[PDB]
């Protein structure tokens, strides 16, 4: 929509002849920014998004025993996720009375959406695509500008803000950002909808953190669900489930921003490398 003028702001001048990072790739070959610390001035971005009255939805599934993760998830989201902006949390659970009472900042609200629990963890994980797509029909189009879709067994430890927002984003999986594409754990069986040949692939995106505009998230989640249903009719389940399908989708429909592994990390397994200036969203050990 129509965008008013930014106010006067004083900040350091961008330096054309100085790279903003000398150690990492900060733009994809299709000219999508790769979001690392040092690539953005959050003061400028916060102005741009506040002037558009941006509302961010954050979807999270807490099914069966994973309700235990919600307290820390939501408490740390309150400290670090889109602070200053309008936020709507959507907690999908089979136990709607077991969502913890977390105190929310002003302009932030939470809705609990009851869903069925599948028996296998694989199905719980995979059926998020259907459940998100179903909810894009009603709630999300009327309530938010962007959707952010994450795993619950996680905590925010540092800023996750409007720098991530764009029509469609994925996040670099922390186990593969330095790997060659042949080592990526894409689905490699041609019988699956998620099949990616050994000579294709840009990145290995993590299934635990993706998002975009409601329109683009509806598209992604619908496509992944329909692909899963084809596989199921054919008696095949992708090797890494929803993540496999997400990877196939983002190969053929390129994201408009890619998040660095700052945004999806596991310190227990991978430590704190020099290349990560901040660890923003991390696995609970």
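Residue numbers count along the first chain shown, from 1. The term rigid core refers to the maximal set of C-alpha atoms that superpose within 1.5 Å between the two forms.
After a core fit, the C-alpha atoms in 4 other deposited structures of this protein lie farther on average from the shown form in one of 204-212 and 130-138, namely 130-138. Taking 120-128 and 156-164 in turn, the stretch whose Cα atoms are more displaced from the shown form in 4 other deposited structures of this protein following rigid core superposition is 120-128.
Comparing 74-82 with 92-100, the stretch with the higher mean C-alpha B-factor in the PDB entry is 92-100.
For the pair 160-168 and 105-113, the mean B factor over Cα atoms is greater in 105-113. Note on 210, 140, 186, 203: the highest value goes to 140, judged by CA B factor as recorded.
Which of 264, 270, 25, 20 has the largest Cα B-factor in the deposited entry comes down to 20.
For residue 51, the recorded CA B-factor ranks within the highest third of the chain. Only modelled residues enter the ranking. Per the deposited record, the Cα B-factor of residue 118 falls in the highest third when ranked against the other modelled residues of its chain. Residue 181: CA B factor lies in the highest third for its chain, per the PDB record. Residue-level temperature factors show residue 65 in the highest third of its chain, judged at the C-alpha atom.
When the modelled residues of the chain are ordered by C-alpha B-factor, residue 127 sits in the middle third.
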